[PDB]
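Engineer: Got a structure for you, written out below as structure tokens; questions coming shortly.
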Amino acid sequence: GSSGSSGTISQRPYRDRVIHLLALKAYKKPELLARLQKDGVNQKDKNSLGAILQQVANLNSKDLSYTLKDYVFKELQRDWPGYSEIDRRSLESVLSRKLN
């Protein structure tokens with residue numbers, strides 16, 4: 001039985017941080033960042049992002065917006081520190097709509 005620990009977002013893998021955002025809704029290469037960058041986005045990752053968005057999300061030429069895949073929803077984390085009192089309840093839906 002541990003007491004506590006330092007759970008920071010940075011310690012988490014970029015991918016997760018990304019999908020966790022695209023989950024609630026689709027985000028644009030630049031936009032999505034504006035959300036992560038805030039907490040701190042690694043330069044070496046800034047480039048990888050584009051690749052991840054396609055590995056976990058899908059870009060729609062329509063509105064050049066990236067859409068979080070379906071299966072990925074399972075990879076997400078219901079205990080993500082990125083989901084506010086609302087987000088959390090706003091995400092539990094999708095997963096429920098996707099994850100049969």
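In the structure tokens, chains take letters A, B, ... by order of appearance, with residues numbered from 1 within each chain and ligands from 1 in the order shown.
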Using DSSP assignments from the backbone, pull out every residue in chain A that falls under alpha helix (DSSP H) and give it to me as a PyMOL selection string.
Structural biologist: chain A and resi 14-24+29-39+43-56+72-75+87-98
Engineer: Please provide as an NGL selection string all residues within 12 Å of residue A:8, with the sequence filter that same-chain residues fewer than 6 positions apart are discarded (counting only C-alpha atoms).
Structural biologist: :A and (17 or 39-40 or 80-82)
Engineer: Using only C-alpha atoms, which of the listed residues (A:26, A:32, A:86, A:72) sits closest to residue A:60?
Structural biologist: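 Comparing A:26, A:32, A:86, A:72 against residue A:60, the winner is A:26.
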Engineer: Could you please write out, as a PDB file with C-alpha atoms, in the first residue's frame, every residue of chain A that DSSP assigns to strand (DSSP E or B)?
Structural biologist:
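The resulting file, selection-v4.pdb, is shown below:
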```
ATOM      1  CA  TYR A  27      -8.652  18.374 -33.701  1.00  0.00           C
ATOM      2  CA  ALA A  57      -6.698   9.455 -35.693  1.00  0.00           C
ATOM      3  CA  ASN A  58      -7.892  10.090 -39.247  1.00  0.00           C
ATOM      4  CA  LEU A  59      -7.490  13.352 -41.164  1.00  0.00           C
ATOM      5  CA  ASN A  60     -10.557  14.429 -43.139  1.00  0.00           C
ATOM      6  CA  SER A  65      -9.639  17.916 -38.934  1.00  0.00           C
ATOM      7  CA  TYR A  66      -8.214  14.769 -37.343  1.00  0.00           C
ATOM      8  CA  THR A  67     -10.743  12.266 -36.000  1.00  0.00           C
ATOM      9  CA  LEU A  68      -9.800   9.865 -33.205  1.00  0.00           C
TER      10      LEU A  68
END
```
Engineer: Could you give me, as a list in words, the residues within 12 Å of residue A:98, counting only C-alpha atoms and dropping anything in the same chain fewer than 4 positions from it?
Structural biologist: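 Those residues are residues 23, 68, 69, 70, 71, 72, 73, 74, 91, 92, 93 and 94 of chain A.
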Engineer: Grab the residues selected above and save them as a short mmCIF file (atom, residue, chain, number, x, y, z; two decimals), in the first residue's frame with N, CA and C atoms.
Structural biologist:
```
data_model
loop_
_atom_site.label_atom_id
_atom_site.label_comp_id
_atom_site.auth_asym_id
_atom_site.auth_seq_id
_atom_site.Cartn_x
_atom_site.Cartn_y
_atom_site.Cartn_z
N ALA A 23 -10.19 12.32 -28.75
CA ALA A 23 -11.32 11.51 -28.30
C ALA A 23 -12.60 12.35 -28.24
N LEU A 68 -10.31 10.98 -33.99
CA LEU A 68 -9.80 9.86 -33.20
C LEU A 68 -10.46 8.56 -33.63
N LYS A 69 -9.64 7.60 -34.05
CA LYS A 69 -10.14 6.30 -34.48
C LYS A 69 -11.12 5.73 -33.47
N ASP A 70 -11.67 4.56 -33.77
CA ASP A 70 -12.62 3.90 -32.88
C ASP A 70 -11.91 2.99 -31.89
N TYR A 71 -11.22 1.99 -32.41
CA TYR A 71 -10.49 1.04 -31.57
C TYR A 71 -9.63 1.77 -30.54
N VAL A 72 -8.94 2.82 -30.99
CA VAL A 72 -8.09 3.60 -30.11
C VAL A 72 -8.81 3.95 -28.81
N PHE A 73 -10.11 4.21 -28.92
CA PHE A 73 -10.92 4.56 -27.75
C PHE A 73 -10.66 3.59 -26.60
N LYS A 74 -10.36 2.34 -26.94
CA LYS A 74 -10.09 1.32 -25.94
C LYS A 74 -8.72 1.53 -25.30
N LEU A 91 -16.57 11.99 -22.15
CA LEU A 91 -15.85 10.93 -22.84
C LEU A 91 -16.52 9.58 -22.60
N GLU A 92 -16.93 9.33 -21.37
CA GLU A 92 -17.59 8.08 -21.01
C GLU A 92 -18.65 7.71 -22.04
N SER A 93 -19.16 8.72 -22.74
CA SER A 93 -20.19 8.50 -23.76
C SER A 93 -19.61 7.79 -24.97
N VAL A 94 -18.77 8.50 -25.73
CA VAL A 94 -18.15 7.93 -26.92
C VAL A 94 -17.77 6.47 -26.70
#
```
Engineer: Using Å and a single decimal, report how far atom CA of residue A:64 sits from atom CA of residue A:37.
Structural biologist: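 Those two atoms sit 19.6 Å apart.
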Engineer: Quick one: of A:42, A:15, A:84, A:28, who's nearest to residue A:61, counting only C-alpha atoms?
Structural biologist: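 Going through A:42, A:15, A:84, A:28 one by one, the smallest distance to residue A:61 is for A:28.
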Engineer: Have a look at A:45, A:63, A:85, A:31 and name the one nearest to residue A:14; count only C-alpha atoms.
Structural biologist: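 Residue with the minimum atom-to-atom distance to residue A:14: A:45.
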Engineer: Given only C-alpha atoms as the basis, pick out the residue of A:19, A:24, A:95, A:76 nearest to residue A:49.
Structural biologist: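 Nearest candidate to residue A:49 out of A:19, A:24, A:95, A:76: A:19.
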Engineer: In Å, rounded to a single decimal, give me how far atom CA of residue A:4 is from atom CA of residue A:20.
Structural biologist: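 Atom CA of residue A:4 lies 23.8 Å from atom CA of residue A:20.
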Engineer: Kindly indicate which residue among A:62, A:2, A:18, A:89 lies nearest to residue A:48, using only C-alpha atoms for the distances.
Structural biologist: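 Selected residue with least distance to residue A:48: A:18.
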Engineer: As an exercise, work out the distance from atom CA of residue A:46 to atom CA of residue A:88 in Å and give it to one decimal place.
Structural biologist: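 Atom CA of residue A:88 lies 25.9 Å from atom CA of residue A:46.
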